[PDB]
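Going down the list, the sequences are from chains A and B. First residue of the first sequence? That's 1108 in UniProt numbering, and the numbers climb one at a time after it. First residue of the second sequence? That's 1059 in UniProt numbering, and the numbers climb one at a time after it. Reviewing the structure listed below.
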Amino acid sequence: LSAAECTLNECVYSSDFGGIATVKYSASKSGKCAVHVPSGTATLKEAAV
Amino acid sequence: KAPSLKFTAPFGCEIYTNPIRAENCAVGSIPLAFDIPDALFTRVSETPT
């Protein structure tokens, strides 16, 4: 990627996956790869987008 | 016969007959209690923003 920006649409600290973050990116190649959070701050739903 | 309560009533009431009742007396205020179930609360991202 290059020049990617993350905004939080929904944010509710519920027990399920209750938060929506829409990452506005600009990619050189169009292909799937993996997202991850290193901390224990958030737990992502899917492994790749 | 001093005139009826239809013409002399304070706050602009409207006295009627077959049940003895007054109408539309603009006085006081009605409080309200809403016990709303949790199903009606739609999430944020299902509405425009």
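Every residue, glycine too, gets a C-beta built ideally from N, C-alpha and C.
Opposite residue i in the DSSP bridges: which residues?
i: residue 1113 (chain A); result: A:1130
i: residue 1141 (chain A); result: A:1155
i: residue 1118 (chain A); result: A:1126
Report the neighbours of residue i on chain B: residues whose CB is nearer than 8 Å to its CB, in chain order.
i: residue 1117 (chain A); result: 1101, 1102 and 1103
Looking at chain A, is there any beta carbon in it that lies within less than 9 Å of the beta carbon of residue i?
i: residue 1107 (chain B); result: yes
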